[PDB]
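Just one chain follows, in the form deposited without the partner chain, and it is written as structure tokens.
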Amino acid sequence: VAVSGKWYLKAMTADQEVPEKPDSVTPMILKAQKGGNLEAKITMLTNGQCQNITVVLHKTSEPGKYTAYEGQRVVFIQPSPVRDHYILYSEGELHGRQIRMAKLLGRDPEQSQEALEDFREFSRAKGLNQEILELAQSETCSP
């Protein structure tokens, strides 16, 4: 598993308004599990509160394709042309609503203009035309 380890969630976009937008994010850890599954852990600062999220990504028979939220969501993990970056694209149900999302992951926290421009091209091609939000980063989350 190459996608294993420490990642920075640097940018996100979607097909719908996301009012669930964080104020800061901790690094994302993807832990490789039995049977090719991935456990994603991240902490988000939303409304003064540090919310710790854990999402298990269930491996399918298609490489790079995962399910989550008990099948209500399909997540595609694709490499960026730009080094040290990966793109998540997801479809299906989140919090009752049905939303398509893209997330830009990087090994490094440093902003990459090149990775962002590529993330824009990818996203707008998939018909995600909302704003691209580049997320504030913090190694820890403080109320």
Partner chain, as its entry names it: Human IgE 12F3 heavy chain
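Numbering follows the first chain given and starts at 1.
The question of which stretch, 60-68 or 102-110, has the higher mean Cα B factor is settled in favour of 60-68. Remark: stretch with higher mean C-alpha B factor among 6-14 and 123-131 is 123-131. Highest CA B-factor among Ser90, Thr26, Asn47, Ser80, as stated in the entry: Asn47. Per-chain ranking of the deposited C-alpha B factor places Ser138 in the lowest third. Sort the modelled residues of the chain by CA B factor and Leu116 lands in the lowest third.
For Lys41, the recorded CA B-factor ranks within the middle third of the chain. Only modelled residues enter the ranking.
What comes next is about the form deposited with the partner chain bound, which is not displayed.
Not one of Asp23, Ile99 and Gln130 comes within 4.5 Å of the partner chain in the entry with it bound, counting any heavy atom. Put simply, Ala115 is far from the partner chain in the entry with it bound: not one heavy atom of it is within 4.5 Å. Mapping the unseen interface onto this chain, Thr67 falls outside it, with no heavy atom inside 4.5 Å of the partner chain in the entry with it bound.
Shown alone here, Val74 lies farther than 4.5 Å from the partner chain in the entry with it bound, counting heavy atoms only. The partner chain is not drawn, but in the entry with it bound it has no heavy atom within 4.5 Å of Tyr89. Contacts to the partner chain in the entry with it bound (heavy atom within 4.5 Å) from stretch 60-81: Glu62, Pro63, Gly64, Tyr66, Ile77, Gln78, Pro79, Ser80, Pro81.
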